[PDB]
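Q: Attaching a single structure in structure tokens format; questions to follow.
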Amino acid sequence: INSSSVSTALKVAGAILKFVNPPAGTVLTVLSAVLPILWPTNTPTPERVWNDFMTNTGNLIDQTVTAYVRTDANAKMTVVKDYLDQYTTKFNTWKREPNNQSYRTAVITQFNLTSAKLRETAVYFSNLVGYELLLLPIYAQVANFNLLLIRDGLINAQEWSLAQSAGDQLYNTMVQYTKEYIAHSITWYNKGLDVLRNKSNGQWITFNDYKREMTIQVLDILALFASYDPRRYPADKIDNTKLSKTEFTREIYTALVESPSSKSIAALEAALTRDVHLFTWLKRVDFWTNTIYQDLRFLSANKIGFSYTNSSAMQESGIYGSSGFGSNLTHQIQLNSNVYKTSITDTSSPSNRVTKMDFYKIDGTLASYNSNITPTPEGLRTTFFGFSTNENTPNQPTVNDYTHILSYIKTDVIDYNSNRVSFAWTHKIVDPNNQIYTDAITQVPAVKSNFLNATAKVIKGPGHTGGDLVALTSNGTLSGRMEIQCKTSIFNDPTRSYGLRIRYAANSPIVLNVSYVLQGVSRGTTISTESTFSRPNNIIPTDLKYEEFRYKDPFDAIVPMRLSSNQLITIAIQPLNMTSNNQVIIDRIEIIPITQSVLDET
């Protein structure tokens with residue numbers, strides 16, 4: 001549902017793939033000529049019907065009013081984009097001649113007007129009672145712009161006025177708004193979720209559609225907020241629009257499910273999705289076919305071969321589906337290239353009797369499962385799954401516009417020969433090399449580790465971190481340990497210095513042993529966390545707040561990691577002398593290039 005949102009809900013905030021900013025230099029790509037792309041029209045063709053269930057859709061009157069609310073909201077966003085365009089035009093003029101006080105005053109004036117308007121609109125979209133869920137997606141976008149603009153004020157605070165102080169107040173405002181925007185979004189995401197989870201005869205497919213769209217349109221945006229803090233992540237001097245890249249490690253699902261389904265939402269969730277886990281990469285898909293009757297050959301089960309990031313080992317899943325007599329392993333497909341689109345063919349009625357599945361790879365090839373049923377039954381239908389930035393091709397992206405790749409497949413038996421088949425997808429922004437960039441702060445979520453000891457485990461993320469987390473706990477005997485391997489980029493210097501930072505939450509001041517291994521040589525240090533949160537009976541937190549995450553720097557400008565070019569580095573984290581109730585939850589590690597600027601910031 002809604003194709004012009006599950007494509008452009010990260011297309012505007014995704015126009016920055018590398019070099020796309022104005023800070024000095026000829027520009028004719030993003031910044032300039034942005035008018036004919038930012039807000040060409042508004043909303044000529046139909047869209048967004050999902051997430052409207054909290055409004056009265058029982059009658060045409062309320063539905064018509066709700067339609068107007070959506071139209072008015074799009075008009076207000078167009079107004080917001082125009083304010084931003086005026087800001088950008090004045091900023092660029094100023095940047096080309098910073099000493100011209102007329103250009104300076106002009107951009108400052110526009111910054112104030114645009115900032116006020118953005119805040120104002122976010123407040124409106126979150127306080128129109130009875131429409132908060134409906135407006136959550138647009139709210140997130142406005143919230144996103146508001147924080148991005150504030151960041152700019154902080155970046156140019158010194159050049160535009162008495163450095164900080166009036167910037168410290170602005171900084172506090174940025175932090176306050178970040179918390180507000182995240183709190184509102186998480187609160188409503190969950191209310192909508194509860195409504196769907198509580199509906200009688202609630203269909204899992206509807207529940208899942210909701211989570212997938214919210215993830216793409218709201219949750220992923222929230223994950224970017226932390227990176228906007230310019231004190232924590234200094235702006236690229238060559239071009240301020242460049243940001244420390246944030247990865248969304250969460251998996252979203254698409255599935256072929258019988259309709260209607262009498263199986264519960266909880267039952268299908270357990271059967272079609274994966275328990276929290278370290279990020280995995282899909283390497284092989286095994287398929288079984290029921291072969292007793294040739295004219296009744298259909299998919300019967302599947303298994304997955306996968307690997308953790310930068311791991312050389314092939315992990316094997318259990319068998320999903322049926323593997324008794326008559327069920328035979330007929331396919332083992334090595335997916336040497338990312339799969340950006342899939343299709344599945346099944347009979348119409350009874351439905352879900354799968355005869356074929358196609359897997360489109362980015363290298364231009366196609367892999368397929370085929371039951372080889374003969375003769376070919378009538379009433380076959382084919383359903384495509386995939387994520388495109390092109391709203392005109394909802395489930396059929398091309399190699400040039402897909403946003404996700406296949407990460408998993410699970411089969412759940414309905415009746416003999418009939419199954420529900422779910423496809424898990426991960427965002428293409430996730431780096432398979434955990435590459436340490438040379439010119440920006442590199443983010444590497446903890447779930448991209450490839451080793452966890454007995455007392456370290458992945459736990460559900462609160463919804464605003466872009467994925468799940470790694471909890472290092474204590475057995476009273478063994479302290480949780482995580483290992484994550486990263487690849488340095490190629491550079492000429494024999495060695496370069498990098499600081500190592502950790503974004504985490506902890507329920508007490510705990511000593512952490514942090515080390516990095518390069519060609520078998522291990523170097524380590526110790527650093528203590530702060531107490532950032534606490535919960536009743538020390539239960540592992542499922543609702544960590546933005547403010548409950550903090551930062552610590554085991555390695556810095558004084559004692560940096562010394563890394564050589566194009567090597568595999570193993571970073572390990574493990575608490576020291578930890579008590580049975582101590583908890584250290586890692587969101588992600590961050591590698592910071594040590595330059596002269598950071599030489600002063602350390």
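Following the order of the structure tokens, chains are lettered A, B, ..., residues in each are numbered from 1, and ligands are numbered from 1.
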Excluding stretch 400-402 of chain A and any residue of its chain fewer than 6 positions from it, enumerate the residues within 10 Å of it, using only C-alpha atoms, and give them as a list in words.
A: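 Answer for this query is residues 7, 339, 340, 341, 362, 386, 387, 388, 389, 390, 393, 427 and 428 of chain A.
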Q: What's the 7 Å shell around stretch 439-442 of chain A, counting only C-alpha atoms, without same-chain residues fewer than 6 positions away, as a list in words?
A: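 Answer for this query is residues 244, 245, 590, 591, 592 and 593 of chain A.
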Q: Any chance you could list, as number ranges by chain, the residues in stretch 233-479 of chain A that come up alpha helix (DSSP H) when DSSP is run on the backbone?
A: A: 265-272
Q: From the set A:92, A:411, A:371, A:338, which residue has the shortest atom-to-atom contact distance to residue A:295, counting only C-alpha atoms?
A: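 Result for the nearest residue to residue A:295: A:371.
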Q: Using only C-alpha atoms, I'd like a table of the residues in stretch 191-302 of chain A that come within 10 Å of stretch 366-370 of chain A; for each, show the closest atom pair and its distance in Å rounded to one decimal, ordered by chain and ascending number, as CSV.
A:
```
residue,atom,partner,partner_atom,distance
A:285,CA,A:369,CA,9.5
A:286,CA,A:369,CA,9.1
A:287,CA,A:369,CA,7.2
A:288,CA,A:369,CA,9.4
A:289,CA,A:370,CA,8.9
A:297,CA,A:370,CA,9.3
A:298,CA,A:370,CA,8.5
A:299,CA,A:370,CA,8.3
```
Q: Next, dump the selected residues to file, keeping only C-alpha atoms, as a PDB file, in the first residue's frame.
A:
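Output below, filename result-v9.pdb:
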```
ATOM      1  CA  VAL A 285      19.139 -20.937  -0.128  1.00  0.00           C
ATOM      2  CA  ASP A 286      18.090 -24.590   0.033  1.00  0.00           C
ATOM      3  CA  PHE A 287      14.664 -25.712  -1.156  1.00  0.00           C
ATOM      4  CA  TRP A 288      12.739 -28.922  -0.657  1.00  0.00           C
ATOM      5  CA  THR A 289       9.908 -30.164  -2.867  1.00  0.00           C
ATOM      6  CA  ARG A 297       5.023 -30.972  -6.924  1.00  0.00           C
ATOM      7  CA  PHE A 298       5.223 -27.892  -4.716  1.00  0.00           C
ATOM      8  CA  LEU A 299       7.683 -26.240  -2.334  1.00  0.00           C
TER       9      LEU A 299
END
```
Q: With a distance cut-off of 7 Å and only C-alpha atoms, select the neighbouring residues of residue A:186, excluding the residue or stretch itself and same-chain residues fewer than 4 positions from it, and output the selection as number ranges by chain.
A: A: 182, 190, 463
Q: Could you write those residues out with C-alpha atoms, as a PDB file, in the first residue's frame?
A:
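The resulting file, result29.pdb, is reproduced below:
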```
ATOM      1  CA  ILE A 182      11.781  10.709  18.876  1.00  0.00           C
ATOM      2  CA  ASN A 190       3.556   1.822  19.298  1.00  0.00           C
ATOM      3  CA  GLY A 463      12.888   1.547  17.597  1.00  0.00           C
TER       4      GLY A 463
END
```
Q: Of the residues A:137, A:520, A:466, A:25, which is the one nearest to residue A:48, using only C-alpha atoms?
A: A:137
Q: Pick out the closest residue to residue A:269 from this set: A:197, A:375, A:222, A:331. Count only C-alpha atoms.
A: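 For residue A:269, the nearest of the given residues is A:197.
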Q: So what do you get for atom CA of residue A:478 versus atom CA of residue A:454, distance-wise?
A: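 So the two atoms, atom CA of residue A:478 and atom CA of residue A:454, lie 7.8 Å apart.
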Q: Show me a table, sorted first by chain and then by increasing residue number, of the residues of stretch 87-188 of chain A having an atom at most 10 Å from stretch 537-550 of chain A, each with its shortest atom pair and the distance in Å to one decimal, counting only C-alpha atoms and written as a tab-separated table.
A:
```
residue	atom	partner	partner_atom	distance
A:175	CA	A:547	CA	8.9
A:176	CA	A:547	CA	9.6
A:178	CA	A:546	CA	8.2
A:179	CA	A:546	CA	6.3
A:180	CA	A:546	CA	9.6
A:182	CA	A:546	CA	7.4
A:183	CA	A:545	CA	7.9
A:186	CA	A:543	CA	9.5
```
